[PDB]
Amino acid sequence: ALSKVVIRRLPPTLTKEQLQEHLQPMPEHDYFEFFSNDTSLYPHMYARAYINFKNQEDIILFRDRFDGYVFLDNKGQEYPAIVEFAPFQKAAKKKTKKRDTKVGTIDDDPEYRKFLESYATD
């Protein structure tokens, strides 16, 4: 059953903390991520967040309480938020495995080092 909820068209300057501050009391959830400024349609910038609910009777209250809730940006502009089911219902599931032993090794990689000099003579 559908459990992933997106709240979108939030102000592009908002933070995850300001959003949860407006969201309390927040129901129980597995998932709570926050994205912003990652669109390809500049300068139409917005923020969004995804929440995956444990029980699905909370979503109807969450929608009835926040679909239309007006947020404000840095300059007083109104941002009526939209609350819908996320079109992709898959959500992250903990830290399943250990780290890839190669992450953070690009700083000493030879191929990346030759690029740094070509970036000195751009």
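In this text, residue numbers run from 1 along the sequence as written.
In this crystal structure, the stretch out of 12-20 and 102-110 whose C-alpha atoms carry the higher mean B factor is 12-20. Taking the PDB entry as given, 73-81 carries the higher mean Cα B factor of the two stretches 73-81 and 43-51.
Among the modelled residues of its chain, residue 89 has a C-alpha B-factor that falls in the lowest third, as given in the PDB entry. For residue 5, the recorded CA B-factor ranks within the lowest third of the chain. Only modelled residues enter the ranking.
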